[PDB]
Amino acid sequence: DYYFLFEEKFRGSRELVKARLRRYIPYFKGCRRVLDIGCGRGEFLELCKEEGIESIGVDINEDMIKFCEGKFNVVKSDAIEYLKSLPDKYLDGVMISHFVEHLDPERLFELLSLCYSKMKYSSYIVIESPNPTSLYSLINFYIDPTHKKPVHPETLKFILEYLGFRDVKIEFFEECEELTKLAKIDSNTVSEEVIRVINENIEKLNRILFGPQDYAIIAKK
């Protein structure tokens, strides 16, 4: 089917994706009400079940749900709507992996606003999305047509900080492979200082051109 075949090719296998999600488990260990927004193939739900974490996944796509319903708890719904259908101080944790980029930028404030209200204190929200602050990924953001406009890390940090969240931190992941990045220079005949400045320019070039392809913003309370 279209989207499975699509993700499989440009996102990677479920094993691959699940491997990447491992890093975020510490923020949900032993949680009882973790919401997986836009769960898709249910890679996070599978992980959760494995780590002994209770969670529900939501997804507007009917096929992602047929895909997860058998092993996991999922509700075919619009996230914002589903969030309104929830009591305040309900939710335990919230995972939003590669979802916001697929969301109408106009409704971004309301989503996180609802998350704050439906989350109980000392809870963590994790938002993982493609990094548009590096040319390489920015270019690749256009491969998926269902993508809206790139979602900048700073806009996410600003909104949820404004909403009340604290500890807001930004982490970058999946960097470009060696072959793609520019190479640094060495020499025992060329001026150390000429060498030094050229490499700093290459570090700057590598950061803005071939920087990490993803990022994750984490917040608490």
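From 1 onward, residues are counted along the sequence shown.
Looking at 163 to 171 and 178 to 186 together, the entry lists the larger mean B-factor for 163 to 171, computed on C-alpha atoms. Judged by mean Cα B factor in the deposited record, 84 to 92 ranks above the other of 84 to 92 and 140 to 148. Sort the modelled residues of the chain by CA B factor and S77 lands in the highest third. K204: CA B factor in the lowest third of modelled residues in this chain (values from the PDB entry). Split the chain's modelled residues into thirds by C-alpha temperature factor. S122 is in the highest one. Sorting the modelled residues of the chain by their CA temperature factor places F67 in the middle third.
In this PDB entry, the Cα temperature factor of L35 sits in the middle third of its chain's modelled residues.
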